[PDB]
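once you've seen the sequence and the experimental structure below, I've got questions.
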Amino acid sequence: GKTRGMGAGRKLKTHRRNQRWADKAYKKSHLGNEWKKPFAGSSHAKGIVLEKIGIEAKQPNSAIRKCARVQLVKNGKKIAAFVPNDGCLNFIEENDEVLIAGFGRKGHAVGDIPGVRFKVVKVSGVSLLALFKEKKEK
Amino acid sequence: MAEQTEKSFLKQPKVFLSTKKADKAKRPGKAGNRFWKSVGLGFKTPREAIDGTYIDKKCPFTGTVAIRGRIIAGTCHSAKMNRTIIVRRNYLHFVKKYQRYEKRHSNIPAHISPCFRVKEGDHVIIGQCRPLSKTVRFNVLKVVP
Amino acid sequence: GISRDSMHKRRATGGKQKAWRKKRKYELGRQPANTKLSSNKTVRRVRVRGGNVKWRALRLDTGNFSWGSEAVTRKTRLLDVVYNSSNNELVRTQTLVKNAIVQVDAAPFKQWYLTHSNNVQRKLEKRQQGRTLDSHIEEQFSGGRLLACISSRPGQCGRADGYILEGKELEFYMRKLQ
Amino acid sequence: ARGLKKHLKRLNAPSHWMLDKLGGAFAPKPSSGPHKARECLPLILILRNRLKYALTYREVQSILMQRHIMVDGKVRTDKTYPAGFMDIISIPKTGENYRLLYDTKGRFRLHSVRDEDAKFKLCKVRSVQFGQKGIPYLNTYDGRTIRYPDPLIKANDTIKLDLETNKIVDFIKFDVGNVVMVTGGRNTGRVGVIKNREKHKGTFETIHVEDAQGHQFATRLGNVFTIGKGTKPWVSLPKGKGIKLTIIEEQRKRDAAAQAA
RNA sequence: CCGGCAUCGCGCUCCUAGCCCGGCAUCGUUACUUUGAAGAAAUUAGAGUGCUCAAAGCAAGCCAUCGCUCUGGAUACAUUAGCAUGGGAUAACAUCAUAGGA
RNA sequence: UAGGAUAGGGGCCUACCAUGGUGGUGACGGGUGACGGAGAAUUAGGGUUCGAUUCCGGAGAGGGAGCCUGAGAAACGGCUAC
RNA sequence: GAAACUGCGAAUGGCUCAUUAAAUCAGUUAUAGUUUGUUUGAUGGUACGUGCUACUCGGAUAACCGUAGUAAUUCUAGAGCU
Ligand SMILES: [Mg+2]
Ligand SMILES: [Mg+2]
Ligand SMILES: [Mg+2]
Ligand SMILES: [Mg+2]
Ligand SMILES: [Mg+2]
Ligand SMILES: [Mg+2]
Ligand SMILES: [Mg+2]
Ligand SMILES: [Mg+2]
Ligand SMILES: [Mg+2]
Ligand SMILES: [Mg+2]
């Protein structure tokens, strides 16, 4: 059972200190490996498109998910970013600047796309939203 | 005498030993008499300091140091230095989240006048003075074995 | 330069102490004066904090010395340094500091003690009732000099002042000079 | 910092100046003088703020360069001069005289006095001791040093000082049974009568005081300033005769005064 | 709710000391609790006030809205540590069998 | 212990002497994408996280180091050297 | 009155948060362990006369005027004044 002594404050406080490391969220935020990730603790990052690849969807689905492999400017890492909309892959060209964000779920893959946790949100300084909705052109 | 054991003759400041017209009742430290003082704050000058032969510049009762500041009470923890002790203060620190306590301690160096005798683990009362060495800022005033 | 801060020191635990600051001018020290005992007197002023002055004496020759039991203070010369309780090499270098032991010409004291018609003798006779002059001083006198201790800080006030040894102190330094 | 500070930012100014927090970035920063600059009231506030004799910084300077304002008997042209407790501010051009006294809320007020009660002040002695050539002199708590005092005046007592002759004319012996006005802490402004003094060897002495309307309180020695001998005080009191009251008492005061209007 | 006593209440010279009389100080310490002092402002809470409301701000309101009147610019919270005050249940630590007791 | 130095206490530094001092009540070391505080966000209560930034305190002026002037600077909208 | 000598100030303010984890810092102390231009109040004999009421007046520098150097700078030399 729990220690209950009046003079037990050290035991309780040190015990909580030790046991908090068993919690995945605490350990994820207090261990430092987020600075080793592609974005290095950033919401967005700019990159240069290296190639367009295209990835299959997992078993219950069947489709080709069209993604662009990007190189991050700040650190030179290489990632794959989904291009969200119908026909927006044709806006992407080779060696153009692109603004990438997370997919949601904070670094964990979304939906049926295997091993992709990044999404393309801007190309050539112009939104994919404005290009898909014809508000602006590049 | 017993005091003069160092490479220079040790004497109290401002007492003229080789006086001409001496006396036994003028005042402490007048006409050659050994100087002593009462520290104040309700402490009593030990007799061994009164009729003592030791010479200690740092003694509260016969030296030049004044006692002012805080008056801590603790237990002696170490008496293996020359005329200096380490005392332990034991206290309870409150841990607010858990609404409980824990035992903490602090080691305070304090100068011990030769007029006292301390074993290990005697109750000591120390009073604050000016820095006497790198770590010492307190002086022993009472020792209860 | 030379500094008086605690930063370079190790903690009482023995742990090393990181530098969180540069050296401040209110923390300075200077190099010592090691006042030599020589004829060509030189005392050189120092501008110190508050706009004030200290007198660094580089070389002194004369001094002011008090003879306590006789209650007289006279200017005299310093002949040598014979014992220093801190470092002997100070003695070998004839360096004046506080609490050094020096020999003193003692003639101005002798001529004061030569003193002490009708009304003059009715006062010499008033004195000599309490003449003691313990033999230890008398022997030194016949030698010509007195052993004396410096009671001032030559590198601080630019002076060499002191007293002649008497009683317990005199005999202690005598047995140490043996 | 590598030296003395010369600006006082407005949020750091004393709270009893009642300076508004958006009225600029700086506050007057009282110059050195006979009061401790945290318990003073500079001339800029006396003229511009309270008396509304001037509307701006420079108007106060235009007033002072003309030698109108007189502080304790001399003309002080310094603009941040630290006037303090029990000083007299006099404008002969308007023939008007003020004694600086506290109100119960702990803020300085200019209490108008007559010309008779403006040639004198009271001053509490910091200490008495000897000086060069054995001459005794006493220290006040506002800088004044007087030589050859009455050999009875001891520390913490009060003295009456005529501004004309600049010497003592009377004194009050600090002791139990005298009226005192508190000059520090939360009780500043409250007058009372010394009922008890308890010594503590090595710490501050504490005083226990009882108001004329019965309310009992306490302070420490340094914050007590005797006014008069016996229950009668020697100087005038402000709008409230130094009597603190609860918030409910003044709520009653406002609503009761709201029926006659 | 509490003061002031009395039962089978270890004392006082010295401070306070009623008209022989309460309510005196050192010859075990703490934690705990009560009250007080001293605690920067800004922020927070909160009293007052019709910036036209509000977020605000520290103002303003009356005069015959005529040679000026009344003014305000409160109050509170502030864990731990340090200072002082009463309590002595609860719990620590020290300790009357060598009577070296009063 | 005695000195020297300092505006002054002090191993601050020198000479001599003793063998100490801190540590599971966490010393010493390491990380900090760490200036501290007043404070901020969310708050049933208890809490969790944040505090580069206008107020207070500290520190620095490319990196170290040394200085003059002066009451006050180890100053950088001063100097000297690397 | 410009210029110039003299004096004063430029050590405050402003910016930033790199270094720094009993350090800074906060509440709380201490200086009987010190410095403090300035403000404010008080205060001040003898300098030589063998203490017998005071005992004599300097040169030299800017602004100016004028001869230059150097590619150059609130870089700089020499001469005439006061
Ligand atoms: Mg989880
Ligand atoms: Mg600054
Ligand atoms: Mg000012
Ligand atoms: Mg020393
Ligand atoms: Mg950092
Ligand atoms: Mg940063
Ligand atoms: Mg700042
Ligand atoms: Mg700096
Ligand atoms: Mg830069
Ligand atoms: Mg520098």
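On my side now, so go ahead. Numbers count the residues shown, from 1 in each chain, chains lettered A, B, ... in the order given. Ligands and ions are numbered 1, 2, ... in the order given.

burial of residue 25, as a residue count?
As the question left the chain open, I've gone with chain A. Neighbour count for residue A:25, taken as other Cβ atoms under 10 Å in any protein chain shown: 8. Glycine gets a C-beta too; all of them are placed from N, C-alpha and C.

other chain: chain B
Neighbours of residue B:25 (other Cβ under 10 Å): 7.

again, but for the one 10 residues further on
In terms of burial, residue B:35 registers 16 neighbours under the definition other Cβ under 10 Å.

isn't residue B:85 right up against residue B:109?
Yes: using Cβ atoms under 8 Å, residue B:85 makes contact with residue B:109 at a distance of 7.3 Å.

and the most centrally placed residue in chain D, what does it touch?
Centroid-nearest residue in chain D, with Cα atoms, centre = their mean: residue D:85, separated by 1.2 Å. By Cβ atoms under 8 Å, 6 or more residues apart in numbering or on different chains, the residues touching residue D:85 are D:35, D:39, D:100, D:101, D:102, D:108, D:183, D:225.

helices and strands around the one helix or strand residue D:90 maps to, which ones?
In the assignment (DSSP states H and E), residue D:90 maps to strand D:88-91. Contacts defined by 3 or more Cβ pairs under 8 Å, 6 or more residues apart in numbering or on different chains; DSSP states H and E place strand D:88-91 against strand D:70-71, strand D:96-102.

strands paired with that strand, and their directions?
Here strand D:88-91 is paired, per DSSP bridges, with strand D:70-71 (antiparallel), strand D:96-102 (antiparallel).

which residues touch stretch A:85-98?
Against stretch A:85-98 from outside (Cβ under 8 Å, 6+ apart): A:46-49, A:51-52, A:66, A:68, A:70, A:81, A:83, A:120, A:122-125, A:128, A:131-132, A:138.

where does residue 109 sit: helix, strand or coil?
Picked chain A for this. coil (DSSP: H, G, I helix; E, B strand; the rest coil).

nope, chain C
helix.

so what's it up against?
So residue C:109 contacts C:65, C:67, C:72, C:74, C:76, C:146, C:164 (Cβ under 8 Å, 6+ apart).

check whether the host helix or strand of the first one comes near chain B.
Just to be clear, that refers to residue C:65. If you go by DSSP H and E, residue C:65 is part of strand C:62-67. No: using Cβ under 8 Å from any Cβ of the partner chain, strand C:62-67 stays clear of chain B, coming no nearer than 10.1 Å.

not counting its neighbours along the chain, what's nearest residue D:245?
Distances taken as Cβ to Cβ, 6 or more residues apart in numbering or on different chains put residue D:104 closest to residue D:245, at 7.4 Å, once the chain neighbours are dropped.

any idea how far residue C:172 is from residue B:66?
29 Å (Cβ to Cβ, to the nearest Å).

cool, residue B:36 as well?
Residue B:36 is 14 Å from residue B:66, by Cβ to Cβ.

neighbour count: the two, which is higher?
Between residue B:36 and residue B:66, counted using other Cβ under 10 Å, the more crowded position is residue B:36 (19 against 15).

who's in contact with the more buried one?
Contacts of residue B:36 (Cβ under 8 Å, 6+ apart): B:28, B:29, B:45, B:49, B:50, B:61, B:62.

and these, which of them are buried?
Buried members of the contacts of residue B:36, scored by 16 or more other Cβ atoms under 10 Å in any protein chain shown, are B:29, B:45, B:49, B:61, B:62.

give me the subset of these lying in helices.
With DSSP state H as the criterion, helices contain residue B:49 from among the buried ones among the contacts of residue B:36.

now, among the buried ones among the contacts of residue B:36, which is nearest to RNA strand F?
residue B:62 (11.6 Å; Cβ to the nearest atom of the strand).

the closest one - nearest residue in space that isn't next to it in sequence?
Once chain neighbours are set aside, the closest to residue B:62 by Cβ to Cβ, 6+ apart is residue B:36, at 5.3 Å.

any idea where the helices of chain B begin and end?
B:47-50.

partner residues bridging the residue nearest in space to the middle of chain A?
By Cα atoms, centre = their mean, chain A has its centre lying nearest to residue A:102, at 3.5 Å. Using DSSP bridges, the bridge partners assigned to residue A:102 are residue A:118.

residues contacting it?
Per Cβ under 8 Å, 6+ apart, neighbours of residue A:102: A:39, A:43, A:117, A:118, A:119.

gap between the fourth one and residue A:73?
Looking back up the chat, that one is residue A:118. In terms of Cβ to Cβ, residue A:118 sits 14 Å off from residue A:73.

who in chain A is up against chain B?
So far as Cβ under 8 Å from any Cβ goes, chain A lies against chain B at A:5, A:6, A:7, A:8, A:9, A:10, A:12, A:13.

who does the longest strand seen in chain A touch, helix- and strand-wise?
Counting residues, the longest strand found in chain A (DSSP state E) is strand A:44-52. Here strand A:44-52 touches strand A:67-72, strand A:78-82, strand A:97-102, going by 3+ Cβ pairs under 8 Å, 6+ apart.
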